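Trainee: Here it is, the structure in full.
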Ligand SMILES: Nc1ncnc2c1ncn2[C@@H]1O[C@H](COP(=O)(O)OP(=O)(O)OP(O)(O)=S)[C@@H](O)[C@H]1O
Ligand SMILES: [Mg+2]
């Protein structure tokens, strides 16, 4: 029937946030901080004042969401009175930020009615005579995303020039910095701090469990009457949220003590609403929550326990022997020779008490050994993983490490999973379970 | 290599089931023989089946 698909599409659109900007919801715990952003940004597109704020809050804490809600709320009327310059702190390095501002000043003033061209000096001067220099001007709203990379501990030239065209300019600017560091004012060089308006507004977090169930109530209820089922779907929702002993409130309660975040709940709820096929099926699927434990089991299906569960028998004996050898050493290192000199000893003690276990030769335990470093059960001795930036992953791509030039069975590996954590997770009905004690 | 063996050996007591059952039995033989060697990897079984078939 084409009656159920409208309800499902409306529910998933509310769950993604892709509504039109008149029924787009704002949760109650972030309605005060949306008022401050609305106050700041509404006295720069209208009153043409200039200032600079920094939004501090963790990841998925609704900073780009609130800012795009304002910039789509200040566009239904005052479309022609502002242009937006959005730039990240990841995809815009401090030399490629100038080309970003020049390309986004050029193509935005085109859509209203060549500054992109030249070298870096000519482009940086072409956008310093444009901004640093009854009628109404045009304001520029700068959106700096992850501003804690432009505030590096060397120069801070882009921040000095952007915060310097706040006091000392004729063009009204309003620059938003979304970051994640709580110690963001300690980053700034002491002459970029003096140009800064010092108005850093911290995003709100969830203080109560009532805020979370009110947020889920705001997200899943339906306001516009599109499908015939909505008159049930609201009420059958509230029966799950008012009763504090149901499954949905219990999953919200265990979300409040774990990762205290609404987008994890959104990614839980979305394949529940989208895999359902009928309205009664959706109703009993949100009654029982038959999917928030299928999905939540699958999210842990291979970390260090759901893929050790899928180990084979020789691989398990090799892992147990290697953890025994690392437990016996001082600092926790071993190699293939010290591991195979425990596999054959353990299996000879298995065949001593008794029908048996076939001892695989060291020509076939090499494949097992390579299959337990491609599942991350062993690391090397001091091998750091992925490097932090892109140059340190280049500086080491030209280095020829000593741990890869020595022969294979002498590389000093290191355990990912100690023998105590191996004792409790192997079932007690195993033929090696007694061998996890020491 | 099997469809020339059925005529090299003068085999007339065969049908398609009589080929697919020995194929599945060979695959189960490689599995119960070599699963403790490889692990749960389809790629390390595919090439063992490719080697030990003819
Ligand atoms: N412009 C947007 N339109 C619709 N939904 C959005 C938008 N921006 C973010 N969301 C959603 O809002 C939730 C989190 O919002 P975000 O703005 O990405 O959080 P955040 O503060 O931007 O994280 P950052 O930028 O890394 S600090 C997610 O469910 C996003 O899918
Ligand atoms: Mg952001």
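Protein chains in written order, with the authors' numbering: chain D, 46 to 158, 171 to 190, 206 to 426, 446 to 529; chain E, 214 to 267.
Just so you know, even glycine gets a beta-carbon here, dropped at the ideal spot from N, CA and C.
What residues match up with residue 250/D in a beta bridge as DSSP calls it?
Mentor: Beta-bridge pairing links residue 250/D to 100/D, 217/D.
Trainee: Give me the Cβ distance between residue 62/D and residue 275/D, rounded to the nearest whole Å; I'm assuming they're in contact under 8 Å.
Mentor: Incorrect: roughly 16 Å between the Cβ atoms, too far for contact.
Trainee: In angstroms, rounded to a whole number, what distance separates the CA positions of residue 309/D and residue 271/D?
Mentor: So the alpha carbons of these two residues sit roughly 41 Å apart.
Trainee: Using 8 Å as the Cβ pair cut-off and three pairs as the minimum, do the segment 285-296 of chain D and the segment 69-77 of chain D touch?
Mentor: Verdict: yes, contact present.
Trainee: I need the DSSP call for residue 400/D, collapsed to helix, strand or coil.
Mentor: Residue 400/D: helix per DSSP, three-state reduction.
Trainee: Whole angstroms are fine: how far does the CA of residue 465/D sit from the CA of residue 494/D?
Mentor: Those two C-alpha atoms are separated by around 17 Å.
Trainee: Spatial neighbours of residue 104/D within its chain, please: C-beta separation below 7 Å, excluding the five flanking residues on both sides.
Mentor: Taken in chain order, the residues that qualify are 252.
Trainee: In chain order, what are the residue ranges of uninterrupted alpha helix (DSSP H) at least 4 long that sit wholly in the segment 98-149 of chain D?
Mentor: Qualifying alpha helix (DSSP H) stretches, in chain order: 109-118.
Trainee: Given a limit of 7 Å on CB to CB distance, which residues of the segment 218-235 of chain E reach chain D?
Mentor: Against chain D - using a Cβ distance shorter than 7 Å - the segment 218-235 of chain E contributes no residues.
Trainee: Taking 8 Å as the threshold (beta carbon to beta carbon), is residue 443/D in contact with chain E?
Mentor: Residue 443/D falls within a stretch that is absent from the model, since chain D runs 426 to 446 with no residues between.
Trainee: Once DSSP output is grouped into helix, strand and coil, what is the label at residue 478/D?
Mentor: In the structure shown, residue 478/D sits in coil (DSSP, three-state: anything other than H, G, I, E or B).
Trainee: Residue 406/D bridges to which residues according to DSSP?
Mentor: According to DSSP, which records beta bridges pairwise, residue 406/D is partnered with 504/D.
Trainee: Find the residues of chain E that neighbour residue 373/D, judging by a C-beta separation of less than 9 Å, and give them in chain order.
Mentor: Under the 9 Å cutoff, chain E gives no residues; its nearest Cβ is about 13 Å from residue 373/D.
Trainee: With a Cβ-Cβ cutoff of 8 Å, do residue 452/D and residue 419/D count as a contact?
Mentor: No, Cβ-Cβ distance for residue 452/D and residue 419/D is not below 8 Å.
Trainee: Could you check if residue 314/D is buried or exposed, using at least 16 other CB atoms within 10 Å of its CB as the buried criterion?
Mentor: Exposed is the call here.
Trainee: Work out the CA separation of residue 361/D and residue 158/D for me, nearest whole Å.
Mentor: Cα to Cα, residue 158/D sits roughly 54 Å from residue 361/D.
Trainee: Between the alpha carbons of residue 174/D and residue 180/D, how many angstroms are there, rounded?
Mentor: Those two C-alpha atoms are separated by around 7 Å.
Trainee: Can you tell me which of 469/D, 468/D, 487/D puts its alpha carbon nearest to the alpha carbon of residue 37/D?
Mentor: What is shown of chain D runs 46 to 529, which leaves residue 37/D out entirely.
Trainee: What does residue 382/D touch in chain E if you count any residue whose Cβ is under 7 Å from its own?
Mentor: Result: 253.
Trainee: Quick one: list the residues of chain D neighbouring residue 248/E, beta-carbon separation under 7 Å, in chain order.
Mentor: Chain D residues near residue 248/E: 384.
Trainee: How would you list, in chain order, the residues of chain E whose beta-carbon sits under 7 Å from the beta-carbon of residue 387/D?
Mentor: Near residue 387/D (Cβ distances below 7 Å), the residues of chain E are 252.
Trainee: Here's a check: name, in chain order, each residue in its chain whose Cβ is nearer than 6 Å to the Cβ of residue 189/D, leaving out the five neighbours to either side.
Mentor: Once the five neighbours on either side are set aside, the close Cβ partners of residue 189/D are 237, 241.
Trainee: According to DSSP, which residues form a beta bridge with residue 273/D?
Mentor: The partner list for residue 273/D (beta bridge, DSSP) reads 100/D.
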